[PDB]
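Report on the following structure.
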Amino acid sequence: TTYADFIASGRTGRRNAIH
Amino acid sequence: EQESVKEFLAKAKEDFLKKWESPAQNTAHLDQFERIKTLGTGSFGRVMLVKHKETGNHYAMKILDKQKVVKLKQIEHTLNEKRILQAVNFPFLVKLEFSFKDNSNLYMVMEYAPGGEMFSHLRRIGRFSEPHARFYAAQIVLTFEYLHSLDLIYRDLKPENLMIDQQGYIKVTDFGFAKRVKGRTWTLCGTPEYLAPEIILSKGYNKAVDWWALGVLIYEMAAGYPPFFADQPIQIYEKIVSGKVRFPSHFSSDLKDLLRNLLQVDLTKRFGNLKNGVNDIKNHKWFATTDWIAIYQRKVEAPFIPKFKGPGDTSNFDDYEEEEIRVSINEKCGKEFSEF
Ligand SMILES: Cc1ccc(C[C@H](N)CNc2nnc(-c3ccc4[nH]nc(C)c4c3)s2)cc1
């Protein structure tokens, strides 16, 4: 499911702005 | 209630330009504050919880290392964030209480939000109920109506920048990517998951990008995850530009309709960027139960009130290693930051 994919995306933590 | 709003923004613009043209400087000194604990760290330097030694009032003090800001090529960005913070005044915008600098650093002492980062709360609960998400969205909508009237574009909306106060209301933080501009601009900045198509693409853009970001926020708040995500940013940009969006089945029909108008690749149709402006948003069915004036007045009961043990309590934040605030015997980058 979409949720499962998110949980395994590596981007569930705090996201920095692009530099 | 429309006459009042127009009258409200009129006075607001008057108060903003006076301060914008004549910014406040050196309104305090470091030794007036006792450092208590670090609330957050990273590129932006560090934000510490501090206590005014005489009043006993607690604040969130953002400390920036000048040499570091120069290395990161963020000189103008930092000067601008401070110039903006000292000139604006809105219920949902974090307040700048004091600002000063010494040989090594720059300091921005702002109002402390005990409730924690919205990010933390969202990942903790999973997702917010549509009524809960709406309560927050409303505050953002008004905040953008305010900022946009001053020709200020935010450009970094995300759960990570929204703090929760004692009454459960929002305090928008970090204006290091904000800019005062009438018309278009082209800088690639912001956070990947929240970038509008026109930011990713080379063409210039306008304030409409904040409304797209609002769409991403509402979606994440109600789903628990963003509408466009992947392992790497370049993959995320791909999805964003295609603009294909899927909604969780638990999303109400009207929420999906609102999102379809916000996460709209075509500017000629994106709500917030049409002839009726923000009103298309405030008058949308999903917001039918929203009492806009009452929200502005902070009279509405927050659907979620974070726990709070005291004004100096930090249990709603993560733990960070403490580091001595060192001040070099020599003045660094005086010319570069003369305006701070
Ligand atoms: C803890 C934390 C919150 C948000 C972040 C992500 C940000 N992009 C970092 N930049 C920032 N600038 N101003 C920030 C700020 C200003 C006034 C404040 N009052 N109360 C609190 C809490 C608070 C935070 S935070 C990181 C750590």
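The chains in the structure tokens are called A, B, ... from first to last as shown; in each chain the residues are counted from 1, and the ligands are counted from 1 in the order shown.
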
Output as a tab-separated table one row per residue of chain B within 7 Å of ligand 1: the closest atom pair and its distance in Å to one decimal place, counting only C-alpha atoms and all ligand atoms, sorted by chain and residue number ascending.
```
residue	atom	partner	partner_atom_place_in_ligand_line	distance
B:39	CA	ligand 1	1 (C)	4.6
B:40	CA	ligand 1	27 (C)	3.8
B:41	CA	ligand 1	27 (C)	6.0
B:44	CA	ligand 1	10 (N)	5.5
B:47	CA	ligand 1	25 (S)	6.4
B:59	CA	ligand 1	19 (N)	6.9
B:60	CA	ligand 1	19 (N)	4.7
B:62	CA	ligand 1	13 (N)	6.3
B:94	CA	ligand 1	17 (C)	5.9
B:110	CA	ligand 1	17 (C)	5.1
B:111	CA	ligand 1	19 (N)	5.1
B:112	CA	ligand 1	20 (N)	3.8
B:113	CA	ligand 1	20 (N)	4.0
B:114	CA	ligand 1	22 (C)	6.8
B:116	CA	ligand 1	22 (C)	6.0
B:117	CA	ligand 1	3 (C)	5.6
B:160	CA	ligand 1	6 (C)	5.2
B:161	CA	ligand 1	4 (C)	4.9
B:163	CA	ligand 1	22 (C)	5.9
B:173	CA	ligand 1	13 (N)	4.9
B:174	CA	ligand 1	12 (N)	3.9
B:317	CA	ligand 1	1 (C)	6.4
```

For this session: Could you please select, counting only C-alpha atoms, the residues of chain B within 9 Å of chain A and state them as a list in words?
Result: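 My answer is residues 43, 72, 119, 120, 123, 156, 158, 159, 160, 188, 189, 190, 191, 192, 193, 223, 224, 225, 226, 229, 230, 231, 232 and 248 of chain B.
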
Those selected residues, please, written with N, CA and C atoms and delivered as an mmCIF file, in the first residue's frame.
```cif
data_model
loop_
_atom_site.group_PDB
_atom_site.id
_atom_site.type_symbol
_atom_site.label_atom_id
_atom_site.label_comp_id
_atom_site.auth_asym_id
_atom_site.auth_seq_id
_atom_site.Cartn_x
_atom_site.Cartn_y
_atom_site.Cartn_z
ATOM 1 N N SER B 43 21.801 22.788 10.100
ATOM 2 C CA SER B 43 22.312 23.831 9.228
ATOM 3 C C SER B 43 22.007 25.229 9.762
ATOM 4 N N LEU B 72 27.953 28.918 4.019
ATOM 5 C CA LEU B 72 26.747 28.375 3.399
ATOM 6 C C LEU B 72 26.144 29.324 2.364
ATOM 7 N N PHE B 119 5.525 18.386 13.167
ATOM 8 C CA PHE B 119 6.091 17.160 12.614
ATOM 9 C C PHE B 119 5.995 16.023 13.621
ATOM 10 N N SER B 120 6.457 16.292 14.836
ATOM 11 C CA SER B 120 6.445 15.296 15.897
ATOM 12 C C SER B 120 5.045 14.772 16.169
ATOM 13 N N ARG B 123 3.668 12.455 13.152
ATOM 14 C CA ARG B 123 4.260 11.131 13.071
ATOM 15 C C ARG B 123 3.884 10.311 14.305
ATOM 16 N N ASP B 156 8.425 27.837 2.439
ATOM 17 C CA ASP B 156 8.960 26.677 3.154
ATOM 18 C C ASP B 156 7.942 26.096 4.124
ATOM 19 N N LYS B 158 5.704 23.463 5.806
ATOM 20 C CA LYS B 158 5.868 22.036 6.087
ATOM 21 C C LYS B 158 5.691 21.829 7.592
ATOM 22 N N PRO B 159 5.268 20.625 8.007
ATOM 23 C CA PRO B 159 5.067 20.338 9.433
ATOM 24 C C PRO B 159 6.282 20.679 10.294
ATOM 25 N N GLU B 160 7.467 20.528 9.714
ATOM 26 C CA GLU B 160 8.718 20.812 10.407
ATOM 27 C C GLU B 160 8.867 22.285 10.840
ATOM 28 N N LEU B 188 15.465 28.490 -6.809
ATOM 29 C CA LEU B 188 15.093 27.134 -6.464
ATOM 30 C C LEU B 188 15.373 27.011 -4.975
ATOM 31 N N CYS B 189 14.322 26.943 -4.174
ATOM 32 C CA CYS B 189 14.499 26.816 -2.740
ATOM 33 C C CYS B 189 13.262 26.174 -2.158
ATOM 34 N N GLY B 190 13.378 25.714 -0.920
ATOM 35 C CA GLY B 190 12.255 25.071 -0.270
ATOM 36 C C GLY B 190 12.585 23.635 0.085
ATOM 37 N N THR B 191 11.546 22.841 0.328
ATOM 38 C CA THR B 191 11.689 21.438 0.690
ATOM 39 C C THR B 191 11.039 20.618 -0.421
ATOM 40 N N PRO B 192 11.790 19.667 -1.002
ATOM 41 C CA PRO B 192 11.340 18.798 -2.095
ATOM 42 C C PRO B 192 9.868 18.389 -2.147
ATOM 43 N N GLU B 193 9.375 17.728 -1.105
ATOM 44 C CA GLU B 193 7.990 17.281 -1.110
ATOM 45 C C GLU B 193 6.943 18.394 -1.247
ATOM 46 N N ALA B 223 -3.563 12.560 5.598
ATOM 47 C CA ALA B 223 -3.186 11.216 5.176
ATOM 48 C C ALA B 223 -2.127 10.586 6.077
ATOM 49 N N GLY B 224 -1.225 11.420 6.587
ATOM 50 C CA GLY B 224 -0.139 10.934 7.420
ATOM 51 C C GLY B 224 1.141 10.932 6.601
ATOM 52 N N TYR B 225 0.984 11.137 5.296
ATOM 53 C CA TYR B 225 2.120 11.175 4.386
ATOM 54 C C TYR B 225 1.828 12.147 3.244
ATOM 55 N N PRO B 226 2.883 12.676 2.599
ATOM 56 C CA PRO B 226 2.760 13.629 1.488
ATOM 57 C C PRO B 226 2.208 13.001 0.210
ATOM 58 N N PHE B 229 6.083 11.386 -2.936
ATOM 59 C CA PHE B 229 7.264 10.998 -2.182
ATOM 60 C C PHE B 229 8.032 9.880 -2.873
ATOM 61 N N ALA B 230 9.322 9.793 -2.567
ATOM 62 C CA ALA B 230 10.200 8.781 -3.137
ATOM 63 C C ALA B 230 11.490 8.768 -2.338
ATOM 64 N N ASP B 231 12.415 7.889 -2.711
ATOM 65 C CA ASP B 231 13.678 7.803 -1.999
ATOM 66 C C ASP B 231 14.558 9.016 -2.226
ATOM 67 N N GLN B 232 14.569 9.513 -3.459
ATOM 68 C CA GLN B 232 15.407 10.652 -3.810
ATOM 69 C C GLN B 232 14.617 11.836 -4.361
ATOM 70 N N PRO B 248 -6.269 8.991 -0.286
ATOM 71 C CA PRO B 248 -6.650 7.836 0.532
ATOM 72 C C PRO B 248 -8.175 7.730 0.447
#
```

Exercise. Which neighbours of residue 228 in chain B fall inside 7 Å, counting only C-alpha atoms, when residues of the same chain fewer than 4 positions from it are skipped, and could you give them as a list in words?
Worked result: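 Using only C-alpha atoms, the neighbours found are residues 193, 236, 239 and 240 of chain B.
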
Problem set entry | Coordinates-based distance that separates CA of residue 322 in chain B from CA of residue 310 in chain B (Å, one decimal) |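 Distance reported for this atom pair: 21.2 Å.
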
For this session: Using CA of residue 30 in chain B and CA of residue 17 in chain B as the two end points, give the distance in Å to one decimal.
Result: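 It comes out at 28.4 Å.
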
For this session: Name the residues of chain A that fall into alpha helix (DSSP H) according to DSSP on the backbone, using the chain letters and numbers of this document, as a list in words.
Result: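 Across chain A, those assigned alpha helix (DSSP H) are residues 2, 3, 4, 5, 6 and 7 of chain A.
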
Please produce an output containing N, CA and C atoms for each residue in the selection, written as a compact mmCIF listing (two decimals), in the first residue's frame.
```
# COMPACT_ATOMS: atom_id res chain seq x y z
N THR A 2 0.24 2.40 -0.25
CA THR A 2 0.96 3.66 -0.25
C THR A 2 1.64 3.88 1.10
N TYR A 3 0.90 3.63 2.18
CA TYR A 3 1.44 3.81 3.53
C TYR A 3 2.71 2.98 3.71
N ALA A 4 2.65 1.71 3.33
CA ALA A 4 3.80 0.82 3.45
C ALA A 4 4.99 1.38 2.68
N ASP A 5 4.73 1.92 1.49
CA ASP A 5 5.80 2.48 0.68
C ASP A 5 6.44 3.67 1.38
N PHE A 6 5.62 4.54 1.96
CA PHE A 6 6.14 5.70 2.67
C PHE A 6 7.04 5.23 3.82
N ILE A 7 6.52 4.32 4.63
CA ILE A 7 7.24 3.75 5.78
C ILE A 7 8.61 3.18 5.40
```

For this session: Calculate how many Å separate CA of residue 143 in chain B from CA of residue 101 in chain B, rounding to one decimal.
Result: 28.9 Å

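Each of B:157, B:109, B:122, B:170 was compared to residue 298 in chain B using only C-alpha atoms, and B:170 turns out to be the nearest.
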
Seminar exercise, completed: Of B:301, B:76, B:97, B:280, the one nearest to residue 178 in chain B when counting only C-alpha atoms is B:76

For this session: Between B:261, B:242, B:290, B:32, single out the one closest to residue 214 in chain B, counting only C-alpha atoms.
Result: B:261
